[PDB]
Amino acid sequence: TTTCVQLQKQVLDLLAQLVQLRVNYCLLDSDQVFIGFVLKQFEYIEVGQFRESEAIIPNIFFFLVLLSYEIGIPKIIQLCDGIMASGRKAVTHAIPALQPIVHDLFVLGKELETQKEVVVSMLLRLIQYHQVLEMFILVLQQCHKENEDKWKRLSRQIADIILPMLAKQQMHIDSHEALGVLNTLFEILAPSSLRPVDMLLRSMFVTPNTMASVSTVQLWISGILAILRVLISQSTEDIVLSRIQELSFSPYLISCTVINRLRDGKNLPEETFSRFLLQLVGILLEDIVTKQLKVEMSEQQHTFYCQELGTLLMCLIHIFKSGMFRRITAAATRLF
Amino acid sequence: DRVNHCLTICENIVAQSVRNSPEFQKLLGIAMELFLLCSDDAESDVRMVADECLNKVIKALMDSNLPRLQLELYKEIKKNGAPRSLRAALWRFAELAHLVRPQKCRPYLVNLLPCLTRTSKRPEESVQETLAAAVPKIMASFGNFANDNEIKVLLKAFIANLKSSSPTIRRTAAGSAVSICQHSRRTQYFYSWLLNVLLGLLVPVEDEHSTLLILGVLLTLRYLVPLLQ
């Protein structure tokens, strides 16, 4: 009978406890009025005619899966697909629906494998948000515990999905938590998926559409940082520089006139990598200094932009101090 | 005797402990009509006693019998009669607009749009000044349920009161139109539609514009600037 939503939330948590503690389902002795009313609430949410659906939906799906362990799992996946394929934005409705499904299907014969493939394809449809990347970190760990060949194939498949999204700035990496989740995703991902340095460098040396907007610069430099931490960590120095020797990566990719026209509108691999790094430093410092504080950028964008410059200077320090990168240090001593 | 009559009607409604009964629903409907007749008579005693009495009756019964109440409550909106009766009525019912369920919200919207067009044209200043805190609550509770043309008609109805000479009716029409566009369905489209309409009202400025209309348009824009952000 109510309309306040936190009461509904506490009633669903109390029923989740009553089904966890193994009592019978005698709260509805004859009929099934409660669960049909819950399905009608799903209809009213998927239409859009609900007021505070943001704070109710993960408890509904957690109660549904915890009831279905005794409703099929395909009906729960079809309800989540009905919310996803037709409804509002996905950070409140689709992804808090996907959290109790994935956490209570992978952690805890053939039908399970088919539902795993369907849920994984659903997550592949929603890669663009970093909470799906946390959920997929759980996927990769629970696949790495079971068998390594499925782990390597699934890591390869999401790797050559995720690297063109980093190339075209279609990944939402505006927060610091997004970079944290993205870096832990590339750490937990399998090494043979990232072992050719073709795609990691064809998605590295890219130019944004127009860097006049702050968010385009911020996504581009977050992609560069989140792939450059992988190029420092996972791969050595001679492999990366030889792979830049083979591919036509000119150091005049982002030159000064290229940056100016985007804001208005024989080479060693040492040279290309060093000028790319120092000129990315130039972009970040010239944008932090000569941009307004509330006119052009926000306050959170200012902290994350300063924080990108902090992490890139840390990556330069680790390149210059670790002793593994020798040629790049000689290049910077002959380029500063 | 009338004061004690309305009070014994209260104490005989509440002390039944018999809910969801047809006899109790008929008695509650007849007695609710009697309460909004108790709130009409002209004295400071009977009005305030029936006012606190009716608030006791409503707040004592929000749990069990909600839709029978708001059925009778909208029935005594639709009559559209006395100022004080409709005023206290529309107070209570804008306050209780959020207790509805999203199953039954669409008929209450379909039936509340003509009554808002009716009470948006009443020249009484107190009815307007108490309609100031009703269109925000109703259009926050029911606003996401209408379609485009109904909200366009109801916005033009509230725009057609920006021409008046009283300050209260202009500020209630302003706050009403803006709070319609706060919770509507597609907020940016209706913000652009009110910008088109309000800039059409003051197209080329080297004209006569009936300065009360200029005051009303500037007050609408003072309420509409904080949400374009």
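Quick note: numbers on chain B are straight from Swiss-Prot, i.e. 98-326, in order.
Header says: electron microscopy, 3.6 Å.
The backbone N, Cα and C atoms fix where each Cβ goes, and this holds for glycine too.
Here's what Swiss-Prot has on this protein:
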- B:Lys176: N6-acetyllysine (MOD_RES)
- B:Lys234: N6-acetyllysine (MOD_RES)
- B:204-241: repeat 'HEAT 1' (REPEAT)
- B:246-283: repeat 'HEAT 2' (REPEAT)
Sparsest-packed of the listed modified residues (B:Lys176, B:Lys234) - C-beta count within 10 angstroms: B:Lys176
Summary of DSSP states over the repeat 'HEAT 1' (B:204-241), given as helix, strand and coil counts: 29 helix, 0 strand, 9 coil
Per-state residue totals over the repeat 'HEAT 2' (B:246-283) - DSSP helix, strand, coil: 27 helix, 0 strand, 11 coil
Length of the line joining the Cα atoms of B:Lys176 (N6-acetyllysine) and B:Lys234 (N6-acetyllysine), in Å: 21
